[PDB]
Chemist: 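Supplied in structure tokens, the structure appears directly below.
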2 protein chains.
Amino acid sequence: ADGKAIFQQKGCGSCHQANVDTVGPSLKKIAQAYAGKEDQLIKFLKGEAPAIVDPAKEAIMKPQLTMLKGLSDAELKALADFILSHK
Amino acid sequence: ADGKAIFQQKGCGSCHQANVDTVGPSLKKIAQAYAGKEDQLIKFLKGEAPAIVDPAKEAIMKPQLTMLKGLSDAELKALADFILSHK
Ligand code: HEC
Ligand code: HEC
């Protein structure tokens with residue numbers, strides 16, 4: 001197989017340049033992130049491993065939402081109003 | 001219901017200062033993003049809508065993996081070797 005060709009043909013270059021971050025991280029940045037985890041890169045490409053380069057910050061915020069699960073509709077609205085009041 | 005009190009009591013201010021980004025976005029930034037979208041803010045608080053303030057870069061990349069369905073193991077390996085060559 002020709003990895004460089006496949007990368008180009010599937011459009012991956014549009015967001016991934018060799019050394020420069022654009023819409024996506026540079027290939028150097030991705031390569032360095034997977035140092036000692038190289039099998040995991042193949043798993044990532046197969047949809048079988050989580051993103052490790054720029055992981056969604058949902059991981060920090062999502063558990064915080066469990067604290068709001070019992071709130072009433074009035075309490076949720078009040079909370080949202082408080083947030084919105086800033087500005 | 002008292003939104004400021006609910007916010008204080010659940011520790012939310014630890015990552016959500018009024019005007020300054022910390023581990024999380026400032027309340028001013030969140031409010032700006034949800035201006036005129038209070039309904040979406042409530043949905044978010046209920047765990048029913050993805051984050052919008054700084055939307056996941058992970059969400060841009062995830063659909064791209066569908067480009068690689070039915071590549072063979074050798075092709076996936078070549079693609080990984082190409083990426084890793086930029087370290
Ligand atoms: C934008 C329109 C993209 C295209 C087309 C492709 N990728 Fe991408 N990629 C993009 C972003 C914004 C990110 C950061 C989010 C993240 O998941 O890290 C990435 C990331 C990757 C990674 C790193 C995965 C990780 O462990 O975090 C890899 C290995 C990767 N991208 C590869 C890749 C391939 C092979 C593509 C063509 C099929 C491809 N990307 C397209 C944005 C975009
Ligand atoms: C760090 C330990 C956090 C605590 C405690 C709380 N939040 Fe948070 N929040 C955090 C991060 C890293 C992010 C960005 C990820 C994301 O979901 O955007 C957020 C985001 C929010 C948002 C905006 C969501 C969006 O559309 O972008 C809101 C409205 C929000 N957080 C509210 C909130 C509440 C009410 C909290 C206490 C129960 C709370 N956060 C705690 C990090 C952290």
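Side chains included, hydrogens not; waters and symmetry mates left out as well; all remaining heavy atoms used. Atoms within each ligand, like the ligands themselves, are counted from 1 in listed order. Here is the naming used below: chain letters follow the sequence lines, and residue numbers restart at 1 for every chain.
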Chemist: What pair of heavy atoms forms the shortest contact from B:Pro63 to B:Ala59, and how long is it?
Modeler: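 So the minimum-distance heavy-atom pair works out to CD-O, 3.1 Å.
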Chemist: Ion pair present between B:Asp54 and A:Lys57, side-chain N to carboxylate O less than 4.0 angstrom?
Modeler: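 Looking at A:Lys57 together with B:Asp54, the answer is no, because their closest N to O distance does not fall below 4.0 Å.
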Chemist: Mind running side-chain contact (heavy atoms from CB on, under 4.5 Å) on A:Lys87 and B:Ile30 for me, showing each step along the way?
Modeler: CA-CA 10 Å; A:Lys87 69 184 197 55; B:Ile30 294 164; over 6 Å; no
Chemist: May I ask you to decide whether A:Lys77 forms a salt bridge with A:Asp81, counting only side-chain N to carboxylate O separations under 4.0 Å?
Modeler: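 Yes, this pair counts.
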Chemist: If I compare all heavy atoms of A:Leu68 with all of A:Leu76, which pair ends up nearest, and what's the gap?
Modeler: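 The pair with the smallest heavy-atom distance is O-CD2, 4.4 Å.
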Chemist: Identify all pairs of nitrogen or oxygen atoms, one from ligand 1 and one from the protein, separated by less than 3.5 Å, and list them with distances.
Modeler:
from	atom 1	to	atom 2	distance (Å)
ligand 1	7 (N)	A:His16	NE2	3.0
ligand 1	9 (N)	A:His16	NE2	2.9
ligand 1	18 (O)	A:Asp54	N	3.4
ligand 1	26 (O)	A:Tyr34	OH	2.6
ligand 1	26 (O)	A:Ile52	N	2.9
ligand 1	27 (O)	A:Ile52	N	3.1
ligand 1	27 (O)	A:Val53	N	2.9
ligand 1	31 (N)	A:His16	NE2	2.9
ligand 1	40 (N)	A:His16	NE2	3.0

Chemist: Can you name the residues that form a side-chain hydrogen bond (donor to acceptor under 3.5 Å, both in side chains) with A:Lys43, not counting sequence neighbours?
Modeler: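 Expected list: A:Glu48.
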